[PDB]
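Q: Structure in structure tokens, see below.
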Amino acid sequence: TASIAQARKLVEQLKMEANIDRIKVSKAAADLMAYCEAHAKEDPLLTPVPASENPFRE
Amino acid sequence: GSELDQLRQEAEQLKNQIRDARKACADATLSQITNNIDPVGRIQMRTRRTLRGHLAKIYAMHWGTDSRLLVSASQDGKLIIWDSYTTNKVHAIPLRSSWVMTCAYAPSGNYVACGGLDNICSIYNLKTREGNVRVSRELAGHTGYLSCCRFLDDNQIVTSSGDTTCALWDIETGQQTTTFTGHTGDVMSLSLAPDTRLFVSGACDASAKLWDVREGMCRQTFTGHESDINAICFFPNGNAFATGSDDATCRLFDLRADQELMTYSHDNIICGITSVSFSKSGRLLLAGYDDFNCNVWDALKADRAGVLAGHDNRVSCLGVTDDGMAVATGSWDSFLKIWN
Amino acid sequence: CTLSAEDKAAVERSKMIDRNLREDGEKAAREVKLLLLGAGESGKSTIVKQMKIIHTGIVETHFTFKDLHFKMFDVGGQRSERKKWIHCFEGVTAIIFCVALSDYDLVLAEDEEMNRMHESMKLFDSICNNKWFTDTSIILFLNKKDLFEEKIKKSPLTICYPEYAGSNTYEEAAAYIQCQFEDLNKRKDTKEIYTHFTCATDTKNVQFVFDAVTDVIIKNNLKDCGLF
Amino acid sequence: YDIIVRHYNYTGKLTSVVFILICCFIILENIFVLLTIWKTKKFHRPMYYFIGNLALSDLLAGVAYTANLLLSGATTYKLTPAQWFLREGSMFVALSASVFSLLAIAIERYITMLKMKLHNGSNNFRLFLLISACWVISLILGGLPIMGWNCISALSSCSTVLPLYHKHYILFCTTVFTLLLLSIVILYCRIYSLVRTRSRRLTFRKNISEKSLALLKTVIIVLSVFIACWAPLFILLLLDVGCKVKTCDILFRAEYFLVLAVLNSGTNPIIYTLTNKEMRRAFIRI
Amino acid sequence: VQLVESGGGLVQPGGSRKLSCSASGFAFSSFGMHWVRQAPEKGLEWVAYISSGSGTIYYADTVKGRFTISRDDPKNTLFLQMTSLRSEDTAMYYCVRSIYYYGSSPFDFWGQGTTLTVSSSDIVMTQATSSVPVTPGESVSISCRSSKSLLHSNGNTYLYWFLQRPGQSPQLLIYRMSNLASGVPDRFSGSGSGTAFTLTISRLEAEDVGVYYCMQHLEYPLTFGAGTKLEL
Ligand SMILES: CCc1cc(-c2noc(-c3cc(OC)nc(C4CCCC4)c3)n2)cc(C)c1OC[C@@H](O)CO
Ligand SMILES: CCCCCCCCCCCCCCCC(=O)O
Ligand SMILES: CCCCCCCCCCCCCCCC(=O)O
Ligand SMILES: CCCCCCCCCCCCCCCC(=O)O
Ligand SMILES: CCCCCCCCCCCCCCCC(=O)O
């Protein structure tokens, strides 16, 4: 047989993955929202900038 | 026979335990938390430049570090390096095999890699003593077709081939250093971390895994898609990423909490997604749909906020620049456009 | 005007680059590109070897005949999913197909109930009815005929095809196989299927390929100017 | 204002609602055909630009004809000779632009069929040259009678079917139309013979004729519709030079002869759209 | 990379030979070529220039309409022809290449040069001094003043800087403001404001001594400086 080796490898990989730490979804969502709100000033995508500073003027 | 059976049931029990551990850590969704914020009204983007000159389909492009130069690969066998400001061309690098599906631009601005269907990643030099461009290295260690490759450094490059594997290369020596295995389907998308320490790969069977370049092992795996994955891009923070798909659905996963956060699906779209990229602050999630137009899906509201419908054929590649000054979309009509 | 001294020189470089691109774009647009497909033991090697030659992954073959440059793409080393890299071959003049007549009494490897002829028929049905190859004609080649004669003279054809009323002769069996391969074509008003039996003469096969390519070119020219 | 009544007295010239109706129908059908090409991004090759030019010329022809019909009547007696010349000049430039655009379509077809270029990409220089040439030639042909051959000095030199127009200008337009028709017939006969002779001898062995039979039908339909609808006006303008004045009857009721020539221009888009399958499907979608 | 020149000697006024140089070691078909004349114990000035592919050809105002120049792509040879001769044309001629694209460094490699003897509005660039004694290991600042603001609307200036070694051709150090060329040490540095420019050297050794020349490129009539000599 040859699939026993890959089966043991998959079992070991799943066992190694199951031992990782987990964080509540509320904390991750709050961190993402805080990061998105903190850097909202230096984002020239959603914040309109006058044509006097856009290098891609037409 | 019995050993295989007990191994299978142990794997199933471990998967069930992982599922319960992932379900126990879920208390509130992203939509309920991000409900007391002011959403963006409309994102109206008008084209500025129309970089023309290609004579076939366009399959990939990458923005330079200086946010001024970009390289685009096409089927006719050219690797033109455009100038975003003045529309001029800088180089017209020819190719050995005119079947390319990827291209990259080194962070130092010296080298430019371009793989393709010949399962060979060719690295070109742009700062030679002469006036032309030479092939610095020709990496050939993949069996399946090459899909996408990004420069990890000026001397190391990581590639994602179609033979269910990804490998890290060494340009100086010429042989691969670490081989990442574990995927069941074709790997056809990846993206490097901002600190260049980890990266994820998008398989062809509803799966996405996270790898580390030092140990060369699989840390986490993410599921939830229906058809497959087609494009991946990291969040500017470095703890999230968005994965496109073929069933008109792109979702947002998280690294610290290995669980799906939010999905961006609409009842009017029934077509696949080719490219996904975030914004400078991670608020706008541009997606390139294969129904001849793109979308400006919001990140924290899961609603559409604009349509960049100025294209003729399917868009196949698009990326937001480094400083967030403009975006560029390249479709199959041999026309690049710079929106702002 | 507003451009500086050396900026005007950078604009002249872009014009030369564009001129070099347009010059090479008119050279690669006057050569015929045609894809080659087939099964594992469909004799693609013998077909690509018997033709004249001028020239791991895709293998390109270049040859000329009657002042026409043909390109032969042999995607046989791609073990990945065909659905992913099939859209880059959308622009192509013809699609050579190779099937073996004598490969109808030999079953698949590591299998006993699946016939390789049915696998070739299924592959042809999937290729001809694909959503990308809806206007590109298909050139079909029956590779082995003498071995098929020697195999059908002793073994009946009813082993592979359970519906057959004719005698165990090649003259009608070849026509039956050809008609069976013709019926697997849903797009009957946008593409044609040119059938040819591969012979020992190397010139005849290249002549047939040239004739089919010329007919496809004439049809495309007629459809171009709105005359058909 | 004395020349108009004098010439009309010396010459002998002293159901229209349906013609305006068919003219409005022609305008509507042609503007529909034009917006079909303009809206769809696929029909942007140099070939369909010729059909768009033909539609634009047909629209001007219909507008000029309905304007001529509205102006024709009792008001033509007190109408100034300048407007009288300008109206006929507009009609002539419209018809000449139509015929020359048809000739340009045939020329481009013969050119694209002579050499197997294998790709629809073509230079716009030839397109622009042909369009500008046909338009300026039609304009010169329409504006020439104002400069010369006005019959202001002559008394019997100008035509009977329409006064103030010399026999020389009518004969010149006759020879021009004859040359254009001959060129059209020659080009289509060649564009058919080429495909007929290339298919039989060089592509002999296919196990796949039908291509040639389908073609000949299109060519004969085009030629039979173009020639049959332009024969009465040609015969009328050729008999007008020979038929003496004060003794010719047919030239008086010459309204239908122009009606057929204008109906040909209106029915041309039907042929140029029902022939190709792509344009028909695009029109069905719209 | 190598550039050798030939076709010089002792000629009489009225007629002369042809100045020809051969290029070997790079892509000559995509480089614009210049010509720089260096008078004996004097300053050097610009002569002519040919664009890539012989598209645009220009001459200096002093020899306008008196010289004939042309390229040769197949054999990689540049020709320069004299029509009329004067008593001041006796000098040393140099043929230097240059390529112009975003991020390029024009005239990085000059060559060797050949000699020639004869038997008998525009931007003015001036140097601060002519010769100054300096001790090894001392930071020196060489200033070159311009008669016009070289700052363009793009945002980058066009003041090039190169050092002349006694006995051979000069070599470029910085091309626009401070960007050091490939092969020069990190000791050299550049700075400016738009009208007054300076160049600072951190460590001074015995291997870097010669004449410093400042050159503008905004206005097309290229003009060099008088030359600042360094004495050990
Ligand atoms: C005698 C009938 C008549 C013809 C024309 C006309 N206006 O133009 C042409 C014309 C004919 C033709 O021959 C077929 N060819 C051309 C050119 C020649 C080259 C290309 C097109 C133009 N006839 C105009 C008018 C007002 C007219 O009478 C109207 C009556 O109401 C008079 O009471
Ligand atoms: C528009 C009607 C009048 C036309 C008058 C000019 C006649 C045609 C002249 C150009 C024909 C084409 C010449 C060869 C072009 C080629 O081979 O590409
Ligand atoms: C006033 C009458 C004008 C008539 C103009 C007739 C022009 C006919 C041109 C026929 C040949 C077209 C170009 C073919 C050139 C080639 O490819 O050999
Ligand atoms: C209805 C009246 C028409 C009058 C004019 C008819 C002229 C027909 C000429 C046909 C010429 C055919 C040329 C064939 C050339 C070839 O053999 O390739
Ligand atoms: C009353 C309308 C008459 C119209 C006549 C149009 C004649 C069409 C001819 C068809 C193409 C014939 C080509 C023959 C060439 C050859 O024999 O060499």
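Every residue number used here counts from 1 along the chain in the order it is shown.
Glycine is no exception: its Cβ is also placed from the backbone N, Cα and C atoms.
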Q: Where Swiss-Prot marks deamidated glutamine, which residue is it, choosing among C:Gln50, C:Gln78?
A: C:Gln78
Q: Which one of these stretches, C:70-79, C:120-129, C:170-179, C:210-219, shows up in Swiss-Prot as region 'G3 motif'?
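A: Spelled out, Swiss-Prot records region 'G3 motif' over residues C:70-79, not the other listed ranges.
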Q: Among C:12-17, C:114-119, C:132-137, C:198-203, indicate the range for which Swiss-Prot gives the feature region 'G5 motif'.
A: C:198-203
Q: For the C-alpha pair, I'd like the distance in angstrom between C:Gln78 (deamidated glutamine) and C:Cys1 (S-palmitoyl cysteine), rounded off.
A: 54
Q: What is the number of residues in the region 'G5 motif' (C:198-203) that are helix, strand and coil, as DSSP sees it?
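A: Taking the region 'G5 motif' (C:198-203) as a whole: 2 helix, 0 strand, 4 coil.
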Q: Whole-number Å distance between the CA of C:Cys225 (ADP-ribosylcysteine) and the CA of C:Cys1 (S-palmitoyl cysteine)?
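A: Distance (Cα to Cα, whole Å): 44 Å.
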Q: When you look at the region 'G4 motif' (C:139-146) alongside the region 'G3 motif' (C:70-79), do they share 3+ Cβ pairs under 8 Å, ignoring any pair fewer than 6 residues apart in sequence?
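A: Checked: the region 'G3 motif' (C:70-79) vs the region 'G4 motif' (C:139-146), no contact.
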Q: When you scan the chain for residues with a C-beta under 8 Å from the region 'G5 motif' (C:198-203), skipping those not six or more beyond its ends, what do you find?
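A: Distal contacts: 43, 46-47, 50-52, 141-145.
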Q: Provide the three-state DSSP residue tally for the region 'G3 motif' (C:70-79): helix first, then strand, then coil.
A: 0 helix, 5 strand, 5 coil
Q: Across the 124 residues that the deposited model omits, what is the distance in Å between the Cα of C:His55 and that of C:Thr56?
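A: Per the coordinates, C:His55 lies 17 Å from C:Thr56, Cα to Cα.
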Q: Out of C:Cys1, C:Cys225, which of these recorded positions shows the lowest number of other CB atoms within 10 Å of its CB?
A: C:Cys1
Q: Count the residues of the region 'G1 motif' (C:33-46) that DSSP assigns to helix (H, G, I), to strand (E, B) and to coil, and report the three numbers in that order.
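A: The composition, in the requested order, is 3 helix, 6 strand, 5 coil.
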Q: I'd like the number of other C-beta atoms within 10 A of the C-beta of C:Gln78 (deamidated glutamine), please.
A: 19
